[PDB]
């Protein structure tokens, strides 16, 4: 097909509509900007390389650049790899950017720069210098940024990237940047709010600094400000996972009552970790539009019981009062002020880490009439007692979250969220059952025993999360009787005792059941387990039974008219299917609608004959990955007449079938990565017209000849993976080298990991760049 092979070690994309030529050289172990970058290049990304300098020659030809992303070519020592530390800061020579008349966005984050780079074109809207070593801002260094709208300067002086002094900002440094919308000075050891800021700011980020006091006029002119973040100034340091220095005398960040008076447009106020003890209502006198308020990680335990300020927040969407508990105090109950009832717009309330013994219905009465309330998060509260029936008054909610408690008789937050330093930190790369309906999340509690009356009045629930409790009982179909509407039960990380084949049958509308990581009782010999419990679940679509160490079953067959997906990863089918024992060879046969089966990680070093014949007739998607498979009778695929995806990754296979078409007419996706294949059979893919995806990566293949890979098949492939093999680039490889260079077929990692290993001369050389003319003399 192609007349001119692509040798450039970067992905090139065309977006004809937006007039964009996108060149992505992310993480290509470059020590130089590569030659041959298209002249029409608009967006060039060189992040995570080791290019030690920029010069007028760097971008000479590239006069149409709108965006240069040159991040993380010299990451500060403690932020970067300890195996490849950058020896000297990036050097930017004069005039490197002044010729780029159309340049809108420049990212120079993570390059150990000492100063704001000069000579930047007046087109620039966005400049980013995070994770550098710039800790003095002078008005004179900013005159070049007349048109700048977005300026990121954070992470230039903090514990991971120290500068060993206070940050310095000259008076009025930013004032004459008349179009500046977004200013970020986070994580920078700043001691005062810099003034005067231009009145065009929409977003101001001042968090994780050393600001002890806000002056009453610090935000006087910012009548367009929408987002203000002052978090992590006078931090609450208890159990902090980073070095944390509090303000002296347990002082809060001191905020005058009239500090916010000019912020009539403010939508987001973030006061996380400011050691606040009071929230004066006078703060919010002139902010009628505030939508999001974060007051997490303070000392507002008393204030939550008073909270006059809430009367001024009728448009608030999101309130977070998490982790406000008094140290070494365990309150008897949660005292929510009546003032919460005035939060007419509230969709999301989070109050983790209040820390109290007993939740009772009346304590939530202030919320009964919040019509728009969607999420109530009372996680990580060490609640010992809670009658779940109280949530009958909360049918309108999408999520009731009691995760991480001590109870016994629409996006999830990262596992580190309230305690991390900077949850918005940008990486060097880049720049759940809620969907089923009403969710009650009781995960990570101390529930040892359940009975029907625990769920009295909760028939509206679509999802119940019981993950990570202590449930050890012989469920018999009597325990969830009220849960008539339940579509999803997550029962993972309990100790299910499957003595009874009637377990879960009362959940007549159950579509998905997760009983993964319930291995306990499956580890002891002589215990009766009824894997045939599936028969009674008439609308079950998906069953997850992973990591259960299942090596025995009293019943011989699982049956279902409905089940489409079975995850059975991390069990011991090798023990059930011991060579000579026929009894379990039809375990899955009567799952008549099953399409997806995952039996990876079952220590299946071989498959006894009868396994494939025993498969249910409509199996589409089979994983046998990570089994230590040392042999495989390819012909047995003939029994799986609807097989579309076969995953055999991470095994010990040494051969492919002589003729894949003769094994399976239906197979579309063949994953063979991470095996021990050293050669392909002569006619491997001959007439395999249905094949669309083939992964032969991370094998030991030396040679590939034309006969194995006919062109009428290769042309149908959406992707062919060949990387990390042992290719021999001798004159015997002429066809393969030619074909790789010239094909239109998508083959990933040509630039990094489709490499000759030999002979001598060409060792470590990309096959895409290989010249074999000496073979044609």
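Residue numbers count along the first chain shown, from 1.
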Taking only the other compared entries that model residues on either side of residue 411, decide whether it is unmodelled in at least a third of them. yes
Check whether residue 426 goes without coordinates in at least a third of the other compared PDB entries of this protein that model residues on both sides of it. no
Missing residues between residue 431 and residue 432 in the deposited sequence, please: none, 1 to 3, 4 to 9, or 10 or more. 10 or more
Can you say how many deposited residues have no coordinates in the span between residue 409 and residue 410, choosing none, 1 to 3, 4 to 9, or 10 or more? 10 or more
Average Cα temperature factor in the PDB entry - higher stretch of 334-342, 225-233: 334-342
Which is higher on average in the deposited entry, the C-alpha temperature factors of 669-677 or of 242-250? 242-250
Member of 719, 46, 722, 729 with the greatest C-alpha B factor (per the PDB record): 729
Have a look at 376, 321, 106, 416 and flag the one whose Cα has the highest B-factor in the entry. 416
Considering only modelled residues of the same chain, in which third does the CA B-factor of residue 361 rank: lowest, middle or highest? highest
Record-listed C-alpha B factor of residue 456: chain third: highest
By the entry's values, the third containing the CA B factor of residue 354 is the lowest
Comparing against every modelled residue in the chain, figure out the third that the C-alpha B-factor of residue 576 lands in (lowest, middle or highest). lowest
Ranked C-alpha temperature factor of residue 478 among modelled chain residues, by third: highest
